[PDB]
Q: 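Please see the structure below; I have some questions.
Every chain is numbered from 1, with letters handed out A, B, ... down the list of sequences. These values consider heavy atoms only, across backbone and side chains, with no hydrogens, waters or symmetry-generated copies.
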Amino acid sequence: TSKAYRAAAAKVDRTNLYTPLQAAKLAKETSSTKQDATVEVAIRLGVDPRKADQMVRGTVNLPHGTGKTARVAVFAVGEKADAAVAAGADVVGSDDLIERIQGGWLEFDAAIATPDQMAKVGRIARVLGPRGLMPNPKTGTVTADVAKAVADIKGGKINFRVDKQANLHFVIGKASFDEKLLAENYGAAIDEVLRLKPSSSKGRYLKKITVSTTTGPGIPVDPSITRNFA
Amino acid sequence: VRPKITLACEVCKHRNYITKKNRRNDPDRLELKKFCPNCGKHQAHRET
RNA sequence: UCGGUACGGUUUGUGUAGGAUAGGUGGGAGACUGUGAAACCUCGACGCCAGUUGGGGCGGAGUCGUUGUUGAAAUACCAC
RNA sequence: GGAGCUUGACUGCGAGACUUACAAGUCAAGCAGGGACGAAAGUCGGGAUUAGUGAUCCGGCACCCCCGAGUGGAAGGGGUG
RNA sequence: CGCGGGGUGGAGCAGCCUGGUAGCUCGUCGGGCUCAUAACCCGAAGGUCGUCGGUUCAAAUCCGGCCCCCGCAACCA
Ligand SMILES: [Mg+2]
Ligand SMILES: [Mg+2]
Ligand SMILES: [Mg+2]
Ligand SMILES: [Mg+2]
Ligand SMILES: [Mg+2]
Ligand SMILES: [Mg+2]
Ligand SMILES: [Mg+2]
Ligand SMILES: [Mg+2]
Ligand SMILES: [Mg+2]
Ligand SMILES: [Mg+2]
Ligand SMILES: [Zn+2]
């Protein structure tokens, strides 16, 4: 079924591995084919994530943005909030800002709080429960640099984390970008995964990689190319 | 019950010394300051 | 005739709480009907409460998660 | 006999002796490096002392980076523990 | 030294690959019936699932370190 999906499936080949340029060249021809969404990257690694020291986790600075609003409320006191309104955070307050969100307009994305204020801000998670806007050290939002970590959210620091079955599922941004501008994202993101190779990674490290949307099919990519994205 | 254990430096990892402990009275690895001839000074030494 | 291996399609998954949305991860409100929607029939598939159903037979345009759980939360839908 | 802190149960050496068919065995002042204890003098190269052990060959592991069968490497070898 | 499994109630053994309950057998206790708990019958005690840590909301199960047995193939100058 799905007559709009077979039309893209009668286009991309299975028995060929494409270049990173051709991968975004059909991602634009899938986001023209389908209704537009995020370009997904599924990396299949040669690690075993059941041993502890082969676990892969990290982030990436995409130089063309991940296509995200990044509305930030900053729960801090003193200059720590004042360094965030100068950073470019639109909703900046104090213990007052505890009150302005739990009653209404809980419309932001991250809450980077100081470790001294984690008690009173932690009750806002009772309305920020299913959306994960609570201050979290696991997302880089509880630290001593509560100011310029908002700028990490603005530019598109996408955190990755390998699953139980050695797969990195991963994004490069919205599909409204240029084809050569997606390979700038896609090039400077694989190399970030190449940074986090453990020494005990037996075998071939980046075995299989594919490029898909959340609406169209996947694209077979050649893992041989790690430098020549330009 | 009294095995021959070797002591390695905690910096350069050279196996400078060999000795004996009791496997039952001291069931974990020894820690002693010993002279490391590579570093030219006293370093810490665990087992291997 | 019974396998092994490389690869594709199909399908599988039921502590309690609770959508009956019932494997992990990702993001996912538009994929969703001539690719002829829903009702209705029942050649079947399995079994642990309601079949999740690969039945391909009947239709004449939804087979929506923000509510109200499985960490809990989607699991319509797509890559893996 | 009791107590406090410690790792000298050191590395580079060693004038001069004991014992002795030979191979072996044993003792050693003092010098330097880096240390422990002590206010200092000093003392410490396992244990009051003498038993608790096994030549060579052949290999194993760790380090040094000496040789490397035309050359560059590697294999293999060599030294030290 | 490599590999190739195993430890779970007093003894024996599943569950482990694939994550949500600790069970079965024998022994014991108590009760019943009986010449005889020989048998048969019912109830219960007996467990950090070898110990440390680690990963997950949650581990007997999965990872790693440790003790502890059992095999095999060497090494054995
Ligand atoms: Mg002791
Ligand atoms: Mg000694
Ligand atoms: Mg001499
Ligand atoms: Mg001195
Ligand atoms: Mg002093
Ligand atoms: Mg002396
Ligand atoms: Mg000989
Ligand atoms: Mg040569
Ligand atoms: Mg060599
Ligand atoms: Mg020498
Ligand atoms: Zn050293």
Q: In whole angstrom, give the distance that lies between atom CG of A:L168 and atom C1' of C:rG24.
A: 14 Å
Q: Rounding to an integer number of Å, can you tell me how far B:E47 CD sits from E:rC66 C1'?
A: 13 Å
Q: Considering the options A:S201, A:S199, A:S200, which one meets the side chain to side chain contact (heavy atoms under 4.5 Å, CB included) requirement together with A:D53?
A: A:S200
Q: With syn defined as a glycosidic angle within 90° of 0 and anti as everything else, classify E:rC17.
A: syn
Q: Please report the distance separating the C1' of E:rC16 from the corresponding atom of E:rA59, rounded so that it comes out in whole Å.
A: 11 Å
Q: Which residue, B:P27 or A:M55, contacts RNA chain E at a nucleotide closer to its 5' end, judged by nearest heavy atom?
A: A:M55
Q: What interatomic distance, in whole Å, is found between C1' of E:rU18 and the corresponding atom of C:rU12?
A: 13 Å
Q: Between atom NZ in A:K164 and atom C1' in C:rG23, what is the gap in whole Å?
A: 12 Å
Q: What is the distance, to the nearest angstrom, from the CG atom on A:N167 to the P atom on C:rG24?
A: 14 Å
Q: Using the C1' atom on both, measure E:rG15 against E:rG20 and round to a whole Å.
A: 14 Å
Q: How many Å lie between CG on B:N38 and P on D:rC65, as a whole number?
A: 9 Å
Q: Would you tell me whether A:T114 and A:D116 have side-chain atoms, one donor and one acceptor, within less than 3.5 Å of each other?
A: no
Q: Please report the distance, rounded to the nearest Å, between CZ in A:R131 and P in C:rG28.
A: 12 Å
Q: Strictly by modelled atom types, are A:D191 and A:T226 linked by a side-chain donor-acceptor pair under 3.5 Å?
A: no
Q: Round to a whole Å and report the spacing from NZ of A:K138 to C1' of E:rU55.
A: 14 Å
Q: Measuring only the P atom in each nucleotide, how far is C:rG68 from C:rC48? A whole number of Å is fine.
A: 35 Å
Q: Pick the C1' atom in C:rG27 and in C:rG15, then give their distance to the nearest Å.
A: 30 Å
Q: Is the distance between the ring centroids of A:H64 and A:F177 under 6.0 Å?
A: no
Q: Using a 90° cut-off around 0 for syn, call D:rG30 syn or anti.
A: anti
